[PDB]
Amino acid sequence: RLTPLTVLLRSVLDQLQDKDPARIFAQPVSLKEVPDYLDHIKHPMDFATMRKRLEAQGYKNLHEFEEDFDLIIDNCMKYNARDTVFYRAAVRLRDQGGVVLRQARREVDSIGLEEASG
Ligand SMILES: COc1cc2c(cc1NS(=O)(=O)c1ccc(Br)cc1C)n(C)c(=O)n2C
Ligand code: NI
């Protein structure tokens, strides 16, 4: 059943998806369209995959969730050249999503997980 952590992470994940209006990070990179993607990228990640893990209650804490978000960003910045729509979108999401994640971390530290999740 339902931990304050899952309640918090549901909110945080939707706030992160709210920073991706193009849906660039919403679903896995297609290996059919980009057949060399995994040559380069060991741990693919995207928001749908994070949601599945979240709903399976597979995150121990906020840090583990943040690490998956960081994979999304870091994979994109590794795979794509700097002068691309993908790289620019990853930088913007790193910036805007970072604000969201830092706020969540500080709220948990300030008022506790139970209160922060509510
Ligand atoms: C969600 O679709 C993709 C996301 C990414 C991605 C590739 C795709 N999928 S895709 O089939 O190549 C694609 C490319 C351009 C458009 Br417009 C739409 C899709 C689905 N790459 C190389 C990334 O770094 N990202 C984040
Ligand atoms: Ni490793």
# chains A, B, ... in the order shown; residues from 1 in each chain; ligands from 1
>>> residues_around(residues="residue A:51", least_positions_apart="4", cutoff="9 Å", atoms="only C-alpha atoms", output="list in words")
residues 10, 13, 46, 47, 55 and 56 of chain A
>>> closest_atom_pairs(of="chain A", to="ligand 1", cutoff="6 Å", atoms="only C-alpha atoms and all ligand atoms", output="CSV")
residue,atom,partner,partner_atom_place_in_ligand_line,distance
A:24,CA,ligand 1,1 (C),4.8
A:25,CA,ligand 1,26 (C),5.2
A:27,CA,ligand 1,1 (C),5.0
A:28,CA,ligand 1,1 (C),5.6
A:29,CA,ligand 1,3 (C),4.2
A:30,CA,ligand 1,9 (N),4.8
A:33,CA,ligand 1,11 (O),4.7
A:34,CA,ligand 1,12 (O),5.5
A:76,CA,ligand 1,24 (O),4.3
A:86,CA,ligand 1,24 (O),5.4
>>> residues_around(residues="residue A:3", least_positions_apart="5", cutoff="9 Å", atoms="only C-alpha atoms", output="number ranges by chain")
A: 8, 57, 114
>>> write_last_selection(atoms="C-alpha atoms", output="PDB file, in the first residue's frame")
ATOM      1  CA  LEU A   8       5.422  12.870  -3.209  1.00  0.00           C
ATOM      2  CA  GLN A  57       7.112   1.366  -5.605  1.00  0.00           C
ATOM      3  CA  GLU A 114       4.485  13.083   5.371  1.00  0.00           C
TER       4      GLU A 114
END
>>> residues_around(residues="residue A:98", least_positions_apart="5", cutoff="10 Å", atoms="only C-alpha atoms", output="VMD selection string")
chain A and resid 16 66 69 to 70 92 to 93 103 to 104
>>> write_last_selection(atoms="N, CA, C and O atoms", output="mmCIF file, in the first residue's frame")
data_model
loop_
_atom_site.group_PDB
_atom_site.id
_atom_site.type_symbol
_atom_site.label_atom_id
_atom_site.label_comp_id
_atom_site.auth_asym_id
_atom_site.auth_seq_id
_atom_site.Cartn_x
_atom_site.Cartn_y
_atom_site.Cartn_z
ATOM 1 N N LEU A 16 7.822 17.443 -13.303
ATOM 2 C CA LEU A 16 8.888 17.308 -14.295
ATOM 3 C C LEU A 16 8.323 17.167 -15.705
ATOM 4 O O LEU A 16 8.812 17.799 -16.646
ATOM 5 N N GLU A 66 15.805 10.916 -8.284
ATOM 6 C CA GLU A 66 16.667 11.920 -8.896
ATOM 7 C C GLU A 66 17.712 11.297 -9.815
ATOM 8 O O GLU A 66 18.020 11.865 -10.883
ATOM 9 N N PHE A 69 16.087 10.663 -13.114
ATOM 10 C CA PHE A 69 15.966 11.918 -13.852
ATOM 11 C C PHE A 69 17.317 12.312 -14.463
ATOM 12 O O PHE A 69 17.401 12.711 -15.632
ATOM 13 N N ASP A 70 18.380 12.182 -13.676
ATOM 14 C CA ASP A 70 19.710 12.522 -14.173
ATOM 15 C C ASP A 70 20.116 11.658 -15.357
ATOM 16 O O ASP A 70 20.794 12.167 -16.263
ATOM 17 N N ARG A 92 17.570 22.536 -21.016
ATOM 18 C CA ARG A 92 16.441 23.259 -20.453
ATOM 19 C C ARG A 92 15.739 22.434 -19.377
ATOM 20 O O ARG A 92 15.336 22.984 -18.337
ATOM 21 N N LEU A 93 15.568 21.135 -19.610
ATOM 22 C CA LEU A 93 14.926 20.278 -18.620
ATOM 23 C C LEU A 93 15.817 20.087 -17.388
ATOM 24 O O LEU A 93 15.312 20.060 -16.253
ATOM 25 N N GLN A 103 13.464 21.905 -4.833
ATOM 26 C CA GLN A 103 12.352 22.322 -3.989
ATOM 27 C C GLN A 103 11.771 21.141 -3.216
ATOM 28 O O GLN A 103 11.499 21.251 -2.011
ATOM 29 N N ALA A 104 11.592 20.012 -3.889
ATOM 30 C CA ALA A 104 11.055 18.840 -3.205
ATOM 31 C C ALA A 104 11.981 18.388 -2.068
ATOM 32 O O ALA A 104 11.521 18.087 -0.954
#
>>> residues_near_ligand(ligand="ligand 2", cutoff="12 Å", atoms="only C-alpha atoms and all ligand atoms", output="count of residues only")
5
>>> closest_residue(among="A:65, A:75, A:96, A:38", to="residue A:15", atoms="only C-alpha atoms")
A:96
>>> closest_residue(among="A:62, A:80, A:6, A:26", to="residue A:106", atoms="only C-alpha atoms")
A:62
>>> closest_residue(among="A:99, A:90, A:113, A:85", to="residue A:61", atoms="only C-alpha atoms")
A:113
>>> closest_residue(among="A:19, A:64, A:72, A:117", to="residue A:2", atoms="only C-alpha atoms")
A:117
>>> closest_residue(among="A:12, A:20, A:109, A:40", to="residue A:77", atoms="only C-alpha atoms")
A:40
>>> atom_distance(atom1="atom CA of residue A:60", atom2="atom CA of residue A:112")
15.8 Å
>>> residues_around(residues="residue A:115", least_positions_apart="5", cutoff="9 Å", atoms="only C-alpha atoms", output="ChimeraX atom specification")
/A:4,107-108
>>> select_by_dssp(residues="stretch 6-106 of chain A", states="helix (DSSP H, G or I)", output="NGL selection string")
:A and (6-17 or 37-40 or 47-55 or 62-79 or 85-106)
>>> atom_distance(atom1="atom CA of residue A:9", atom2="atom CA of residue A:22")
21.8 Å
>>> residues_around(residues="residue A:91", least_positions_apart="3", cutoff="8 Å", atoms="only C-alpha atoms", output="number ranges by chain")
A: 73, 77, 87-88, 94-95
>>> write_last_selection(atoms="C-alpha atoms", output="CSV table (one decimal), in the first residue's frame")
chain,number,residue,atom,x,y,z
A,73,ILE,CA,19.4,14.3,-19.0
A,77,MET,CA,23.6,15.2,-23.5
A,87,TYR,CA,20.7,18.6,-26.5
A,88,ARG,CA,19.0,22.0,-26.0
A,94,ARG,CA,18.0,19.9,-16.5
A,95,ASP,CA,17.6,23.5,-15.5
